[PDB]
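Novice: Quick one: the structure is below, questions incoming.
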Amino acid sequence: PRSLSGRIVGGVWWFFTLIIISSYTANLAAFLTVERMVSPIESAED
Amino acid sequence: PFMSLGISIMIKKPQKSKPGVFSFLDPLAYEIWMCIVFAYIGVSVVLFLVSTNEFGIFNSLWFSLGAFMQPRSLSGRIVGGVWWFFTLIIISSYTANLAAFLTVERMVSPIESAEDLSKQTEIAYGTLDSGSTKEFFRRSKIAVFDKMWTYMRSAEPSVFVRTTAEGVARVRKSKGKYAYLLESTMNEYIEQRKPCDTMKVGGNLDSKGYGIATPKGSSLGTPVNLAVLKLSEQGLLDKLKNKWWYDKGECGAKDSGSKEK
Amino acid sequence: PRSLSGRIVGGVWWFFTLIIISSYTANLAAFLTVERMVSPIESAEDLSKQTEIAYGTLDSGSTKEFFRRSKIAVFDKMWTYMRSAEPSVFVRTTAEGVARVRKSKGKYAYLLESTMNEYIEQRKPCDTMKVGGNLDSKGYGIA
Amino acid sequence: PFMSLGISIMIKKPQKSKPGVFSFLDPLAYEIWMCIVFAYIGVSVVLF
Amino acid sequence: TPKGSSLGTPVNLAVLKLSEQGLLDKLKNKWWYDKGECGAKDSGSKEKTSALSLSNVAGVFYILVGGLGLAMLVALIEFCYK
Amino acid sequence: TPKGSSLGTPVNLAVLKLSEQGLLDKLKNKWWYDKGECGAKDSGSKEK
Amino acid sequence: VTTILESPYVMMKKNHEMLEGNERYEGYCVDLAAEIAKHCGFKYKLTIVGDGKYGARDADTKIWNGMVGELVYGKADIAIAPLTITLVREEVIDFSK
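Protein sequence lines, in the order shown, are assigned to chains U, E, C, D, W, Z and A.
The first sequence runs 593 to 638 under the entry's author numbering.
The second sequence runs 494 to 544, 568 to 586, 593 to 783 under the entry's author numbering.
The third sequence runs 593 to 735 under the entry's author numbering.
The fourth sequence runs 494 to 541 under the entry's author numbering.
The fifth sequence runs 736 to 817 under the entry's author numbering.
The sixth sequence runs 736 to 783 under the entry's author numbering.
The seventh sequence runs 397 to 493 under the entry's author numbering.
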């Protein structure tokens with residue numbers, strides 16, 4: 593129930609995962625917009 | 494001059510739009526909607542094995581409700603967690619991808635001027651195989667027009683047409699993949715002819731003008747000259763053009779919709 | 593509990609709102625990504641069909657005298673408006689006209705020679721632009 | 494003529510922003526906010 | 736040019752003259768890039784593309800079935816201990 | 736070398752000989768890259 | 397003028413069968429030839445090397461082949477082609493910059 597101790601833990605952890613999944617979504621959208629594919633590297637040494 | 498003109502650009506009337514629930518299956522591929530459904534029942538059946569014939573039906577309907585998305595039996599517990607992480611990724615992918623379809627939808631830009639024809643290659647373009655129009659680009663030392671000629675000079679297949687009718691037909695049958703360069707006067711007129719599928723874009727490339735021709739050292743010389751100036755100032759010239767181009771034409775409908783946009 | 597009837601209703605409704613909120617999020621990302629400037633215009637006829645955006649010409653010159661003497665449909669209505677528009681839609685000099693367009697937040701349009709207009713568009717702070725084609729056909733020459 | 498011209502129109506330069514909470518109803522069209530509300534009560538009545 | 740030829744010096748200077756007039760660079764551009772058919776700076780200037788596949792989404796499907804299998808394993812052991 | 740010099744032809748061939756022996760490329764590497772130095776700012780510029 | 401058939405330096409024009417002389421060929425070196433001839437003031441006849449080689453030296457016979465060969469043995473007056481400037485060749489012929 594309302595065990596204040598572990599209560600704020602569940603809330604803060606929720607806010608934490610909220611930010612992450614939001615970041616993943618936003619970043620993945622950038623990826624799906626530009627979608628640039630590089631390659632190896634120019635340098636006979638390579 | 495009783496009518497100032499120049500070289501213009503003619504493209505195929507563009508337009509299109511629609512909804513359809515198939516704009517939701519696109520972001521997420523039909524193949525993906527399928528597998529997400531197979532795994533959907535693939536989980537409601539695994540959970541179904543966790544919990568006589570009717571007792572299995574009531575449960576299969578309960579696990580299907582636990583499927584239709586939203593104690594500590596570790597077994598089916600991690601199933602609900604992994605399935606949640608699975609759907610999380612998918613809905614995130616759908617959202618991200620859908621954002622890209624609208625971002626790119628805005629990225630697309632339409633030709634606004636001649637410089638736009640030189641900066642791109644997707645849309646081919648040409649002029650009449652013979653005439654001042656073609657000879658213009660060939661002799662033009664201007665930056666933009668130079669590149670344009672370089673392209674048309676070696677473009678394959680031939681971007682040049684035999685007659686003006688052929689050029690217009692090429693623009694109407696290329697689905698907007700071919701642009702035709704011609705005199706603004708004739709162009710503006712074509713835009714006012716059925717099926718009203720052509721339009722002039724951007725300003726003219728050069729400044730020309732028609733005039734009344736009279737034999738050198740003629741008596742009608744000066745009189746006619748002043749007459750032309752008088753007609754233009756009385757707005758009679760502009761009136762005449764409106765009479766034969768737009769009034770007598772047949773397209774204030776495709777222009778009223780092109781107001782916006 | 594597991595009332596299959598209303599159960600699938602809650603599920604389908606959830607899938608419905610899921611798509612919508614996803615669409616809202618994706619779409620909202622678009623404007624803030626590209627963010628292309630807009631602009632209202634342009635065919636003069638557009639100035640006559642509306643009244644929200646005021647417009648005028650120079651208080652003296654061929655430009656003003658053009659509309660006054662013009663017997664053309666569109667230009668006629670335009671003159672009728674400017675002739676009795678209050679406050680005065682006419683400016684003293686060309687500089688005043690441009691200043692009025694730059695300080696009206698797009699509520700005032702100024703009609704002038706294309707030549708001088710095109711030039712103004714290429715001057716700081718680059719906050720003016722010519723819209724639509726010319727209203728008449730003129731031309732300079734060596735006298 | 495060494496330069497053809499005419500009378501043109503000069504307007505401000507589009508570029509700015511404004512509030513009015515109406516920047517939230519735009520992304521999602523007014524028509525869509527409506528239907529999502531009609532279907533909203535359309536479900537609360539089916540459940541009812 | 737043949738050793739000790741008359742065209743020797745003239746041609747030599749001619750080459751230097753052509754290069755300084757950028758005529759040599761021009762010729763190369765004419766036969767390499769202008770007369771070419773491919774494109775690199777044009778393929779990057781082509782702002783157009785869009786479509787979802789299955790590859791990426793697939794990786795999340797395998798981790799799902801893997802989780803289901805792990806559970807099917809944890810289930811069996813539980814019934815065994817009991 | 737001065738027009739019509741004795742060292743003319745000899746030096747010319749010498750340059751060609753040095754380049755083919757990779758001696759020229761070697762010298763450049765000695766004073767441009769080896770002499771460094773950086774030699775560090777290039778390994779970070781790899782663009783990983 | 398001796399030259400080798402190597403794209404895009406010297407290639408056979410499309411309708412080369414309906415053409416003759418120097419008009420038969422087109423390419424970087426073909427244009428470079430006309431330019432050199434213009435600044436040096438001389439008429440020329442574009443000819444393709446027989447064996448179709450550049451310029452090597454058979455160790456045994458000690459004979460030059462290709463364009464470099466046709467130069468040393470008086471077959472041609474000049475070589476306008478992608479001929480590499482090598483020490484072994486600079487000894488027998490002259491290379492412009």
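We put the beta carbon where it would ideally sit given N, CA and C, even for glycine.
For a cutoff of 9 Å on Cβ pairs, would you count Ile613/U as touching chain E?
Specialist: Counted from its first residue, the first sequence places residue 613/U at position 21. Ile613/U counts as touching chain E.
Novice: On the DSSP letters alone, give me the boundaries of the beta strand (DSSP E) that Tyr647/C sits inside.
Specialist: As a position in the third sequence, residue 647/C is number 55, starting the count at 1. Run containing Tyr647/C: 646–648, per the beta strand (DSSP E) assignment.
Novice: Run down chain D in chain order and give the residues with a C-beta less than 8 Å from the C-beta of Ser729/E.
Specialist: Taking the first residue of the second sequence as 1, we reach residue 729/E at position 207. Residues of chain D passing the Cβ test: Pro494, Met496, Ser497.
Novice: Helix, strand or coil: which one does DSSP assign to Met674/E?
Specialist: Sequence index remark: in the second sequence, residue 674/E carries index 152 (1-based). Note: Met674/E maps to helix in three-state DSSP.
Novice: The beta strand (DSSP E) with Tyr768/W in it runs from where to where?
Specialist: Reading the fifth sequence from its first residue, position 33 is the one you call residue 768/W. From DSSP, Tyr768/W is part of no beta strand (DSSP E); its letter is neither H nor E.
Novice: According to DSSP, simplified to helix, strand and coil, what is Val746/W?
Specialist: As a working note, residue 746/W is residue 11 in the fifth sequence. In the structure shown, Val746/W sits in a helix (DSSP, three-state: H, G or I).
Novice: Considering just the uninterrupted stretch of the alpha helix (DSSP H) at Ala430/A, what are its terminal residues?
Specialist: Locating residue 430/A in the seventh sequence gives position 34, where the first residue counts as 1. Counting along the chain, the alpha helix (DSSP H) containing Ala430/A begins and ends at 424–436.
Novice: When burial is assigned at 16 or more other CB atoms within 10 Å of the CB, is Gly598/C buried or exposed?
Specialist: Counting from one through the third sequence, the residue named residue 598/C turns up at place 6. With fewer than 16 Cβ atoms within 10 Å of its Cβ, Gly598/C is classed as exposed.
Novice: For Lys471/A, which residues of its own chain have a beta-carbon under 8 Å away from its beta-carbon, when the five flanking residues on both sides are left out?
Specialist: On the seventh sequence, position 75 is the one that residue 471/A refers to. Excluding positions up to five away in sequence, the list reads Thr398, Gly465.
Novice: Any residues in the region 597–629 of chain C with a beta carbon nearer than 8 Å to a beta carbon of chain E? Which ones, in chain order?
Specialist: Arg599, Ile600, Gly602, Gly603, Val604, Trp606, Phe607, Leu610, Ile611, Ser614, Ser615, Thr617, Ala618, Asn619, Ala621, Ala622, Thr625, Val626, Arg628
Novice: Going by CA-CA distance only, name the one from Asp638/E, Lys506/E, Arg628/E, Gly499/E that's closest to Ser780/E.
Specialist: Within the second sequence, residue 780/E is the residue found at index 258, counting from 1. Cα-wise, what sits closest to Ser780/E is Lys506/E.
Novice: Determine the DSSP secondary structure at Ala452/A, reduced to helix, strand or coil.
Specialist: Counting from 1 along the seventh sequence, the entry for residue 452/A is found at position 56. If DSSP states are grouped into helix, strand and coil, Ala452/A belongs with coil.
Novice: Would residue 721/W and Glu419/A qualify as a contact pair, given that the criterion is a beta-carbon distance under 9 Å?
Specialist: An answer regarding residue 721/W cannot be provided, because it is not within the stretch 736 to 817 covered by chain W.
Novice: Taking Cβ positions, are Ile664/C and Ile502/D nearer each other than 9 Å?
Specialist: For the purposes of this step, residue 664/C is taken as the residue at position 72 of the third sequence. For the purposes of this step, residue 502/D is taken as the residue at position 9 of the fourth sequence. The answer is no: Cβ separation not under 9 Å.
Novice: Where does the unbroken alpha helix (DSSP H) through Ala735/C begin, and where does it stop?
Specialist: Position 143 of the third sequence, counting from 1, holds the residue named residue 735/C. No residue range can be given for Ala735/C, since it is assigned to no alpha helix (DSSP H) and is classified by DSSP as neither H nor E.
Novice: Helix, strand or coil, according to DSSP, for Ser741/W in the structure here?
Specialist: Counting from one through the fifth sequence, the residue named residue 741/W turns up at place 6. Correct three-state label for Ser741/W: coil.
Novice: If contacts are defined as beta-carbon pairs under 8 Å, then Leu650/E and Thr686/E qualify, I think. What distance do you get, rounded to the angstrom?
Specialist: For the purposes of this step, residue 650/E is taken as residue 128 along the second sequence, with counting starting at 1. For the purposes of this step, residue 686/E is taken as residue 164 along the second sequence, with counting starting at 1. Confirmed, about 7 Å.
Novice: Using 8 Å as the Cβ pair cut-off and three pairs as the minimum, do the region 657–676 of chain C and the region 629–649 of chain C touch?
Specialist: yes
Novice: Counting only Cβ-Cβ distances shorter than 7 Å, please list the residues of the region 741–752 of chain W near chain A, keeping chain order.
Specialist: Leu742, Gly743, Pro745, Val746, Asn747, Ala749, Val750, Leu751, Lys752
Novice: Between the Cα of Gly802/W and those of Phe608/E, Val626/E, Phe571/E, spot the shortest distance and give me the residue it belongs to.
Specialist: For this step, residue 802/W is matched to residue 67 along the fifth sequence. It is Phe608/E.
Novice: What residue from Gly739/E, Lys738/E, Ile734/E, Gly572/E has the CA that sits closest to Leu748/E's CA?
Specialist: Your numbering for residue 748/E matches position 226 in the second sequence. Checked all of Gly739/E, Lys738/E, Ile734/E, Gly572/E; the closest Cα to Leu748/E is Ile734/E.
Novice: What residues from the region 501–527 of chain E come within 8 Å of chain C, judged by C-beta to C-beta, listed N to C?
Specialist: Along the region 501–527 of chain E, the positions whose C-beta sits under 8 Å from a C-beta of chain C are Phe517, read in chain order.
Novice: Scan the region 617–697 of chain E and note each continuous alpha helix (DSSP H) run of 4 residues or more that stays entirely inside, going in chain order.
Specialist: 637–641, 654–661, 665–676, 686–694
Novice: Checking contacts by CB at 9 Å: is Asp719/C closer than that to chain D?
Specialist: Start at 1 with the first residue of the third sequence, and residue 719/C comes out as number 127. Interface residue, yes.
Novice: Quick one: Cα of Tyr702/C to Cα of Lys722/C, how far?
Specialist: Here residue 702/C refers to the residue found at position 110 of the third sequence. Here residue 722/C refers to the residue found at position 130 of the third sequence. If you take the alpha carbons of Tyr702/C and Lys722/C, they lie about 10 Å apart.
Novice: Are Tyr616/U and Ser595/E close, meaning C-beta to C-beta below 9 Å?
Specialist: Reading the first sequence from its first residue, position 24 is the one you call residue 616/U. Reading the second sequence from its first residue, position 73 is the one you call residue 595/E. With a cutoff of 9 Å on beta-carbon distance, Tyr616/U and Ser595/E are scored as not near each other.
Novice: Quick check: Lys730/E and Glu755/E, are their CB atoms within less than 9 Å of each other?
Specialist: As a working note, residue 730/E is residue 208 in the second sequence. As a working note, residue 755/E is residue 233 in the second sequence. No, the pair does not count as a contact, with Cβ atoms beyond the cut-off.
Novice: Using a cut-off of 8 Å between C-beta atoms, extract the partners of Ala636/C located in chain D.
Specialist: Here residue 636/C corresponds to residue number 44 of the third sequence, with the count starting at 1. By Cβ distance, chain D contributes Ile502.
Novice: Compile a chain-ordered list of the residues in the region 660–678 of chain C whose CB is closer than 7 Å to at least one CB of chain E.
Specialist: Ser662, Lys663, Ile664
Novice: Might you give, ordered along the chain, the residues of its own chain that have their beta carbon closer than 7 Å to the beta carbon of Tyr424/A, omitting 5 neighbours on each side?
Specialist: For the purposes of this step, residue 424/A is taken as residue 28 along the seventh sequence, with counting starting at 1. Closer than 7 Å at Cβ, skipping near neighbours: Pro404, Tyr405.
Novice: When the Cα atoms are used, what is the spatial distance from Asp519/D to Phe541/D?
Specialist: Numbered from its first residue, the fourth sequence carries residue 519/D at position 26. Numbered from its first residue, the fourth sequence carries residue 541/D at position 48. Between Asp519/D and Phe541/D, the C-alpha separation is close to 32 Å.
Novice: Assign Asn764/Z to one of two classes, buried (16 or more other C-beta atoms within 10 Å of its C-beta) or exposed (fewer than that).
Specialist: The count along the sixth sequence starts at 1 and reaches residue 764/Z at position 29. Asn764/Z comes out exposed.
Novice: Checking 9 Å against the spacing of the C-beta atoms, do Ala522/E and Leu624/U come in under that value?
Specialist: Locating residue 522/E in the second sequence gives position 29, where the first residue counts as 1. Locating residue 624/U in the first sequence gives position 32, where the first residue counts as 1. The answer is no: Cβ separation not under 9 Å.
Novice: What number of angstroms, rounded off, separates the C-alpha of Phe495/E from the C-alpha of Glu713/C?
Specialist: Here residue 495/E is taken as the residue at index 2 of the second sequence, counted from 1. Here residue 713/C is taken as the residue at index 121 of the third sequence, counted from 1. One C-alpha to the other measures close to 29 Å.
Novice: Please state the DSSP three-state secondary structure of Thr568/E.
Specialist: As a first step, residue 568/E is located in the second sequence; it is residue number 52 there, counting from the start. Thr568/E: coil per DSSP, three-state reduction.
Novice: Closer than 9 Å, CB to CB, is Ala532/E near chain W or not?
Specialist: Residue 532/E sits at position 39 when you count from the first residue of the second sequence. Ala532/E counts as touching chain W.
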